[PDB]
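Below is one structure, written out as structure tokens; comments come after it.
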Amino acid sequence: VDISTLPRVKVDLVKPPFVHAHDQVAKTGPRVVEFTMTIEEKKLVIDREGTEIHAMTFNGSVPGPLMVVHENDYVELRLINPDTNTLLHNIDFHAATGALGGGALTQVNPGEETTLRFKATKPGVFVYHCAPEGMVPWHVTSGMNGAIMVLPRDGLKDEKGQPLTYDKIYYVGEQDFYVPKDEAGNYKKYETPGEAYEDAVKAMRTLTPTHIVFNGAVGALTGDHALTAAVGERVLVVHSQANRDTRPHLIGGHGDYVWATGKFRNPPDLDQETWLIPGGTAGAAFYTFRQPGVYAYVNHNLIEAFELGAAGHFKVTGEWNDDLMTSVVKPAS
Amino acid sequence: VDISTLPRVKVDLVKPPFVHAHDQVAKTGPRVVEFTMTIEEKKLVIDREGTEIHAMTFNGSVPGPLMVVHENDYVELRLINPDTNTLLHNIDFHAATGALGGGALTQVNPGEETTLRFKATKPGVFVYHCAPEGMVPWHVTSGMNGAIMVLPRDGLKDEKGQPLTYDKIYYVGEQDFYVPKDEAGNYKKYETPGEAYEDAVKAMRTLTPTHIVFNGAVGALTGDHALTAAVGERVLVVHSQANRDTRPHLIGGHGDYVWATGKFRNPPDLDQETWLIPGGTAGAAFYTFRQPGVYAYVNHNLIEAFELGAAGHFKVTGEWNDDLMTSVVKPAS
Amino acid sequence: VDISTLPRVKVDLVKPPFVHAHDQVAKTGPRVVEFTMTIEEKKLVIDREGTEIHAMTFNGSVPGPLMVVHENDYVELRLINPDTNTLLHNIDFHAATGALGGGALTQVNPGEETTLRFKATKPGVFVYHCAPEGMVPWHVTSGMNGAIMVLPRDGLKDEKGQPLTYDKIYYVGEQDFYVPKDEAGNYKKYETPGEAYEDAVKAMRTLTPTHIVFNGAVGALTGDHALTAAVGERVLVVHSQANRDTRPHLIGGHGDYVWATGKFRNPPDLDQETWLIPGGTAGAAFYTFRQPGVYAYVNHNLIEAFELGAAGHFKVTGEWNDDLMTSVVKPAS
Ligand SMILES: [Cu+2]
Ligand SMILES: [Cu+2]
Ligand SMILES: [Cu+2]
Ligand SMILES: [Cu+2]
Ligand SMILES: [Cu+2]
Ligand SMILES: [Cu+2]
């Protein structure tokens, strides 16, 4: 088919955990969906101690933004590597077929750009990440990863074939960082990326992250940046981990319908407490809130959550249901 | 509905791996099921070397006891923190909805008690654990976790909708401990919980357990405390891990029907050799024994099993079936 | 039934990643399928640096060869431990029922052999491994493991009950090695297995592999030993990990149908990007190639893949499909 006869629609991306507007049920036929991302190498402070790393980002954020299309749309990405960066980058889409997910076709030095097109033939949430030959884990674990959602053309379905429609969607990217340490255990102070490379490799080879964070930093999805919902709202939380297993859990809630390995032709798992998202995968969980208040959303390795950073909050408004839960006798002597 | 019009039934809990008597198919309408647990801080010897830790327990055991109710029963827990303990505790039920699983409503200082009620709206096996704000992984990884089973009102079903009925049930709680080590590798000798806290945090942050045990100690489910069955018996093994992934395996057997992430509205996985239970989850495996003798039940990271403690035994009585397995030629020169 | 009335067929095994010839759909009734394996202890170089270990193998390879039978065949294995070896060995089949998978019946000292028979009552791919009492993880993590495939008698089926037929099959065994290190981080230089045992145990207890490899060495499934396919070919990749979780991914492709925990009575998961195979399990993924070129097949902990060894290649011949993927604008200033 002549792709030039298809509609083109340009998407304007937004910063995670928010997601660009889209339709769950496709209101048009197949389209070429046009995205642009600009790579930015930048310093990021990732914890409360002030630890600063040299992050590698798509569009200035860790994670990169969530892209949303429908099955059998074409994704057309303009990828820009400005001359203010210093490294070679590319992109691998797990949604795509061929050429190492796109990475063999998208190598851009500083001062270069490229445009890749692929057909999104399989529905699901998928990781995307940089993958420069010989340096792959360093770029990924420096923050250069995000996700793409390929919706079925008739939207999401439950285990019986009935529609599932979310009211709100959030994208939680979880990032394992490997900040090199000296013998005494302090994070090393590097002058350039090349001077950092061997100790970055050493640090990665321990297989022990120093930090595991949501949306790029300890505490990023708390306080004024907590996730929000109301009682009765249907929320989809897309969660990705490009390099290491995670096990999300909504403290005080559930995943009512979960695609733990993210692929919508499969029926969802029901009523999950915790789900395993393997490293290199995106998953999605659908929940209808039933109680107001604060919820924590965590990796349920609780050390990873509360000591290394993999914890966010929901603030949920509405009525308390004392049938579902109540304090019969409040704490007392 | 006025909960005061419902029947009340008091459960008397038992020490894992045994489980309090219950009905698989509910013989009454919904009930308020009353449980009591008393928190006990105590010294426990956890390995053959004599390593002694300061454990934090529900009802004196690691894991805490298995609670069993039916879907849409109400769980009413009296939680007691006697004045002989020194820390603040609470409880989070993954089965419950709201208030951080109950933790926001159940904070008890030494000398206090509380009573929580929640509706068990989802069937499955679920973790429960202590979760005091700011100290969550320390309490969990000190042993303060167990599980609750919410049975469907019409009992368990196979992948085709046919009944599955167990003859025996066991609860295996798997505990990762993080005993702080000095530089030379020996376990440190602490005077109070507050003096221990920073090195406990340091130890946890390595993400490398020093011990991984069933029922609270190396060897706990061996010898005179081996699990038992007879050929032809249907056994359900509930397995929980509140903090870290595990992968159970019955050496010489299978999981004929497994809910690896523990939720009974989902069809079970058939004929599993090994299953992944993510950290923060309870799972359940159903097996009908076909051969007598000794079986080992392990985490099939065999280092975790045989070097760090995550191994128990079954002793199974009955007839040997030489059609299913035989030695044709015994070892010989 | 009198097993002596059944046909006997002798299989001649082949070196992984290749697989002995077999039929997907059984062309005979149940058979006794006769296998022989000879244990070989040997030095193996496992990385590009020249690190040499004392490996323990079935039939001279890491992994041991893939055995293939049909459901309700009998597997009859002659296991030979020649007098040129120095250790006691045995075998545990996860496909088998009873006697610790066979291990209690197959203990062979150097200079001994044995013959075990078992009925393959459950379809799926399964691990087999050595398991000598008290030394289990050392033998497994020295390479003494492989897999067995028990096909349904009417071959593989999709999630709807329709046939799935592969054109090619490969067996990828993934091996975690724990080469002891000195304080400075270099691999130690041992004189005998007994002198090595305590530092092997120490190394294993770190839970941090020094090497994670496919087919026995870094790079083993690259270059002249890359896996091969053509566009349009249906390929089954069987992947096992006897001791530690892995998460396979085909870079530039998918698992169209995946049995992540390897058991064919279950419907496959569709359209997977990455799948979790728990330690102690074999899994299988079915893919139809749609694009030519080089693909990498990896554990998608990318550190494990690209820094520790868990990466292979496919070389795929055929036509490029520019509808599925194209470079619209090649990299340029
Ligand atoms: Cu990059
Ligand atoms: Cu990838
Ligand atoms: Cu506590
Ligand atoms: Cu929890
Ligand atoms: Cu051996
Ligand atoms: Cu095994």
Side-chain angles (χ1 to χ4, degrees), chain A residues 37 39-41 54-58 62 64 79 81 85-92 103 106-110 128-146 193 242, chain B residues 247-254 272-274 295-303 305-306 311, chain C residues 37 39-41 54-58 62 64 79 81 85-96 100-103 106-110 126-148 193 240-244 278-282 302:
Chain A
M37 292 194 292
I39 298 158
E40 189 190 356
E41 296 164 16
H54 291 270
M56 305 179 200
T57 77
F58 294 106
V62 175
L79 182 65
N81 191 3
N85 289 328
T86 63
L87 308 171
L88 185 149
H89 302 281
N90 62 358
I91 191 162
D92 170 352
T106 54
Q107 298 159 37
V108 279
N109 294 279
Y128 67 74
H129 58 84
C130 186
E133 185 177 354
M135 298 202 131
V136 174
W138 186 40
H139 285 239
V140 177
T141 67
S142 295
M144 219 160 164
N145 61 84
Chain B
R247 56 215 54 78
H249 175 92
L250 181 61
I251 303 179
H254 299 89
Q272 301 294 277
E273 64 188 309
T274 302
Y295 297 66
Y297 179 81
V298 302
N299 169 339
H300 213 293
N301 180 318
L302 301 171
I303 305 163
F306 289 112
Chain C
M37 292 194 292
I39 298 158
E40 189 190 356
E41 296 164 16
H54 291 270
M56 305 179 200
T57 77
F58 294 106
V62 175
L79 182 65
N81 191 3
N85 289 328
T86 63
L87 308 171
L88 185 149
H89 302 281
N90 62 358
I91 191 162
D92 170 352
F93 287 88
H94 292 185
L100 300 176
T106 54
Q107 298 159 37
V108 279
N109 294 279
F126 298 83
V127 166
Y128 67 74
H129 58 84
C130 186
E133 185 177 354
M135 298 202 131
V136 174
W138 186 40
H139 285 239
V140 177
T141 67
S142 295
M144 219 160 164
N145 61 84
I148 178 166
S240 76
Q241 228 301 6
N243 192 64
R244 186 174 179 273
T281 321
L302 301 171

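Letters A, B, ... are given to chains in the order of the sequence lines, protein chains preceding strands, and every chain is numbered from 1. Both ligands and their constituent atoms are indexed starting at 1 by order of listing.
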Q. Parallel, tilted or perpendicular: which fits the ring planes of C:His94 and B:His249, with parallel below 30° and perpendicular above 60°?
A. tilted
Q. Leaving waters out, which protein N, O or S atoms fall under 2.8 Å from the Cu ion (ligand 5)?
A. C:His89 ND1, C:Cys130 SG, C:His139 ND1, C:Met144 SD
Q: Can you label the angle between the C:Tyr128 ring and the C:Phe93 ring as parallel, tilted or perpendicular, going by 30° and 60°?
A: tilted
Q: Nearest 0.5 Å please: distance from the CG atom of C:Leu100 over to the CD1 atom of B:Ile251.
A: 6.5 Å
Q. Do B:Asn299 side-chain atoms and B:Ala305 backbone N/O form a donor-acceptor pair below 3.5 Å?
A. no
Q) Roughly how far apart are C:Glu40 CD and C:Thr57 OG1, rounded to 0.5 Å? A) 5.0 Å
Q: To the nearest 10 degrees, could you say what angle the Cu ion (ligand 6) makes with NE2 of C:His94 and NE2 of C:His129?
A: 110°
**Q.** Side-chain donor/acceptor of A:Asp92 to backbone N/O of A:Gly103, under 3.5 Å
**A.** no
